[PDB]
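Peer 1:
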Amino acid sequence: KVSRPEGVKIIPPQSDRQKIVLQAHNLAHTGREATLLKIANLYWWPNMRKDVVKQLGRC
DNA sequence: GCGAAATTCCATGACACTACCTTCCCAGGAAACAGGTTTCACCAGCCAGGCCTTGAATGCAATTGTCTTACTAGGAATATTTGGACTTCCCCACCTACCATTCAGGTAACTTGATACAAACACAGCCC
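Just add 788 to wherever you are in the first sequence, counting from 1, and you've got full-length UniProt numbering.
#1: Quick check on DSSP: helix, strand or coil for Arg846?
#2: Between which two residues does the beta strand (DSSP E) holding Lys797 run?
#3: May I ask you to report which of helix, strand or coil DSSP gives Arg820?
#4: Provide the residue span of the beta strand (DSSP E) that contains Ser791, from first to last.
#5: Could you compute how far the alpha carbon of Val790 sits from the alpha carbon of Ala812?
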C-alpha cells in the first residue's frame with residue numbers, strides 16, 4: 789500500500805509484476821503510454837516503465 | 001551537482017472501395033506422349049475365273065394424267081359469345097447463407113476372389 793496526492797495506490801508483490809501488466813496490456817494491445825495509464829488507476833511502484841518495455845518485446 | 005527517476009515532447013505514418021493479371025518460378029510427379037526399337041503374325045494388297053446381277057431393249061397393260069361438270073365445303077365476314085392470359089397486390093415459407101460438427105467417400109493399399117480369355121477337341125447346323 790502507498791499514498792499518492794491523487795488517491796490511494798497499491799504496491800503489488802514482486803511475483804505479481806509480469807502478471808499485472810500483461811493483463812493490462814492485452815486489454816487494448818497498446819504500447820508504452822496507454823498501457824501505463826491503465827496501471828495508473830490501481831497500482832504504482834518504482835520503475836513502472838521498466839516492466840512495460842519488458843512486456844512489449846515478448847508481445 | 002550528478003545521477004536517477006518521473007515526465008513532456010514531437011516527428012511521422014497510415015487510414016482512405018479492392019482483386020486480378022501477367023509472366024516466370026517452383027515442383028513433384030506424372031502423364032502419357034511423342035520417340036523409337038523389336039518381333040511376330042495377320043491383314044491388306046494382287047490377280048483372275050466364274051457367275052450373277054444389272055442394264056438395256058421391248059411390248060403391252062393399266063395406270064395415270066387431263067378434261068369437264070355438278071357440287072360441297074371452305075373461307076370470310078359477322079355478331080356474339082365465351083373463355084383466359086397476364087397484370088396486380090401481398091405474405092409466408094422456403095431457400096439461402098453460415099459455422100460447426102461429423103460422416104462418408106475417394107484415394108489408396110493389400111489381399112482376395114472370381115471371371116474371362118485363350119486353347120483344344122468335339123458337336124451341330126447349314127450349305128454345296
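Backbone N, C-alpha and C define an ideal beta-carbon position, used for all residues, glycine too.
Peer 2: In this structure, then:
#1: coil
#2: 795 to 797
#3: coil
#4: 790 to 792
#5: 20 angstroms
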